[PDB]
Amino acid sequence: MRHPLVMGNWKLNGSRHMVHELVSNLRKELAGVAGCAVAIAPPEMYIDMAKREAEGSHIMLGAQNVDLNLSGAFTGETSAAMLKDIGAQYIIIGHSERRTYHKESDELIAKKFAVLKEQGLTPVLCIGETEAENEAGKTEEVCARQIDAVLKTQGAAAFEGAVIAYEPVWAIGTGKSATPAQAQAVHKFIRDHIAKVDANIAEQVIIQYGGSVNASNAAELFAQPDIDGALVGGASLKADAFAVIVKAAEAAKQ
């Protein structure tokens, strides 16, 4: 029985005003929630402020990316040691926006995963297939490759305490939609793939859905046995909507 995790990826959205309002409203909307863990990833300059504002709540912090070095002559980079130092626990790596827009390779993302692991932070490893890969029936091949970049170079124990987020990139448009059954099939495949190396590790990995989640499909999605929560995008910017998703995850896994 895995404790669910709902994480808000704020993407490139935030301000001093917005952080104060949204974190305060999240605390209020999440009052009484005990059965679903909650994390947020504001833009990096606001992590400190958000952590301090989250004091008194159960909201955990996180970040949207990390680089490979801990310190040194690396102007503009993000250090895992510094993310740990300001209080970010859940660090998104390999998001589709970075694999695409920033050409981040599977191997680079696996290096990120390793640095996070060495610092004692929790990677949120994003994986998923494109429109063409999905059409060609390559969903499993792609997800296995993206996972193997870590599994084959770092061992199954690399996944102890880790999170994977499955992004059905192929379903981004309003023309295509992933059903809970389709999502479940991919999550089961992911878990089964790790289980071939270590069944115990596979059992404890948190596999979040990273496709669009709303109040009308959350119950069904979270009703699936291998779906352990969600990495939420736009809905994370509105406290009421985000809390509905968190409560649905709590209700489903109780």
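A residue's number is simply how far along the shown sequence it sits, counting from 1.
Mean C-alpha B-factor higher for 245-253, or for 4-12? Averaging CA B-factors over each stretch, the winner is 245-253.
Mind pulling up the entry and telling me whether 216-224 or 34-42 has the higher mean Cα temperature factor? It is 216-224.
Comparing recorded Cα B-factors across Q89, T78, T179, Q146, which one is largest? Highest C-alpha B-factor among the listed residues goes to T179.
Just the C-alpha B-factor column, please: which of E135, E167, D85, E118 has the biggest number? Of the candidates given, the C-alpha B-factor peaks at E135.
Going by the CA temperature factor in the PDB record, which third of the chain does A199 belong to: lowest, middle or highest? It falls in the top third of the chain.
What third of the chain, by the recorded C-alpha B-factor, contains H102? Answer is middle: the recorded C-alpha B-factor places it there.
Please rank the C-alpha B-factors of the chain's modelled residues and tell me whether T174 sits in the lowest, middle or highest third. Answer is highest: the recorded C-alpha B-factor places it there.
Going by the recorded CA B-factors, say which third of the chain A157 sits in, lowest, middle or highest. Tercile = highest for this residue's CA B-factor.
Ranked C-alpha temperature factor of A185 among modelled chain residues, by third: For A185, the deposited C-alpha B-factor lands in the highest third.
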